[PDB]
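First, one chain by itself in structure tokens, the form deposited in one PDB entry.
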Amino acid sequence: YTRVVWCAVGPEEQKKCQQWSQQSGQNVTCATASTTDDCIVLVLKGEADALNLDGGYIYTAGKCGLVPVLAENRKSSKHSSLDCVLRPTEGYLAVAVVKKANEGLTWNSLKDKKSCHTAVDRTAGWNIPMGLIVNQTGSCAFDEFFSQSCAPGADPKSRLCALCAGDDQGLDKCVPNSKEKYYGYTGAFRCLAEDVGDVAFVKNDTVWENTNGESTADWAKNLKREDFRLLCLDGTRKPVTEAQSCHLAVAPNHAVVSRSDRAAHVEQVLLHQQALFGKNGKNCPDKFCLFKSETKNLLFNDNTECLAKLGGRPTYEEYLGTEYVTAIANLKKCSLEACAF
């Protein structure tokens, strides 16, 4: 009733969800699925209520009638006066990252190189870079641009999955969930940090969070920021300190979605859950922290300060913006208005 069913994607989000379920005294329970698309289907069936999504899936969900409820809000130096829950969202920077030692690699010489993407259909990892590449080449053959890639969610037998590693045992190669070693923001950056790929399409925050001792994870321990470079659209290469002038786009924040008819209820519960397990929540450091999972971004990104109210009660189109929606529509015509399920 005043109980919310959260949809976890894959085994590790299920485990985190179970812990949250427990700490909340079953005010939140869990449903699990193998992909984000399957979780979207559970919400449409009404077998789950909500999940936090990247812009690209918000577009998929919105076509099926799901609505944005609350958005991830990370720290800012502006609007700082305002409380986090009421502060507008800023969006994140979609960037292309390479190793400095890979000299002479620029945006213009990416053809036939190796790439690392968060997952097919995601904003920074797929939609922005591939929409840009389709536009620039006048061709929908994006499956042929890079020699090899790790792009979770593509055909395991295709070259877009050739660089993906699967789990500890080699199983689940290219699945779009955290079982795949190179999945998500962190996995895609690891793919580049390990020299599996020549380039990684992540967001600006990911580089900072997994370099200069910020991570402590074995593959990221010795990663230094000066050993990386951002690729700008003008054919240039800049330090990772210069993302405000060298990004592929600014992305709408990840946001919680639910069926429109369940939105008010999901919103109410979430604001209380975060009062309890949020950044300075009553129980977070001590019993459980919703926005922590050791650099793994499970359920929510680890850099989330809070989930923010939206204001202007936006539809999913208003939320994503006409810029981003037209870019997705244009790219999606390579792979006609309806819910994809």
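Position 1 is the first residue in the sequence shown; the rest follow in order. Definition used throughout: the rigid core is the maximal C-alpha set that superposes within 1.5 Å between two forms. Shifts are known only where both forms have a C-alpha.
The modelled chain breaks between residue 335 and residue 336, where 4 to 9 residues of the deposited sequence lack coordinates. Checked against the record, the higher mean CA B factor of 97-105 and 173-181 lies with 97-105.
Higher mean CA temperature factor between 122-130 and 77-85: 77-85, per the PDB entry. Looking at 62, 55, 46, 311, the one whose CA carries the top B-factor in the deposited record is 311. In this entry, the residue among 206, 115, 268, 253 with the greatest C-alpha B factor is 268. In the PDB entry, a CA B factor belonging to the middle third of its chain's modelled residues is recorded for residue 302. Split the chain's modelled residues into thirds by C-alpha temperature factor. Residue 149 is in the lowest one. Among all modelled residues in this chain, the alpha-carbon of residue 142 has a temperature factor (C-alpha) in the highest third. The deposited CA B-factor of residue 32 belongs to the middle third of values across its chain. Among the modelled residues of its chain, residue 219 has a C-alpha B-factor that falls in the highest third, as given in the PDB entry.
There is another form of the same protein, the form deposited with a partner chain bound; it is not shown, and what comes next is about it.
The stretch from 275-283, 288-296, 301-309, 58-66 that comes within 4.5 Å of its partner chain in the bound PDB entry, counting heavy atoms only, is 58-66. The closest non-hydrogen atom of residue 33 lies beyond 4.5 Å of its partner chain in the bound PDB entry. Of the heavy atoms in residue 53, none are within 4.5 Å of its partner chain in the bound PDB entry.
Its partner chain in the bound PDB entry comes within 4.5 Å of a heavy atom belonging to residue 40. Only one entry in 100, 159, 173, 79 has its C-alpha moved by 2 angstroms or more between the shown form and the other one when the rigid core is superposed, and that entry is 79. Considering only residues present in both forms and aligning them on the rigid core, one finds just one run of three or more residues with C-alpha shifts of 2 angstroms or more between the shown form and the other one, namely 77-79.
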